[PDB]
């Protein structure tokens, strides 16, 4: 299915939050012409961020997906590449899933000011899906330079509310979209 690129819907541990494969990132990208429709959720399984409270610091971490100029996931990404593939051999290109570098340029007169906001999508998510357990997600397009990436999608996850009773970092699903490179 050339219209869906994903982690598979029920992944094994596939994502580094603190150490490699300590988390399960479920990410599906679906191509709707020139816009990608995405859904993302994160379950931290082991380690520092599996169960959080107010004494865990910092209260944010970053998950980078780094892509080359063919849209292939680079091995330095926090997301393990083993099962990152079209919905059904590692794929050879996925440029049409990549966030536009014209809409969302890599970092570099009022008419020369570059938007610092437009390459980010920021919202609350809710741990365990509970309305009284807000956290946040920041989706960032093409803001990384690591591994000489041509494209990137970064997920920053965190929280700010004071939690004295420890709770699993297990996020509600978040929908977003972005302008595709082609």
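Positions refer to the first chain, counted from 1.
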Seminar exercise, completed: Per the record, the count of deposited residues between residue 75 and residue 76 that have no coordinates is none
Exercise. In this entry, is the chain continuous from residue 108 to residue 109, or are deposited residues missing in between (none, 1 to 3, 4 to 9, 10 or more)?
Worked result: 4 to 9
For this session: Output the stretch having the higher mean C-alpha B factor in the entry; the candidates are 12 to 20 and 160 to 168.
Result: 160 to 168
Seminar exercise, completed: Looking only at C-alpha temperature factors in the entry, 140 to 148 or 121 to 129, the higher average sits in 140 to 148
Exercise. Sorting the chain's CA B-factors, does residue 71 end up in the lowest, middle or highest third?
Worked result: middle
Exercise. When the modelled residues of the chain are sorted by Cα temperature factor, does residue 32 land in the lowest, middle or highest third?
Worked result: highest
Seminar exercise, completed: For residue 56, the third of its chain by CA B-factor is the highest
Exercise. Against its chain's modelled residues, does residue 26's Cα B factor rank lowest, middle or highest third?
Worked result: lowest
Seminar exercise, completed: Split the chain's modelled residues into thirds by Cα B-factor; residue 94 lands in the middle
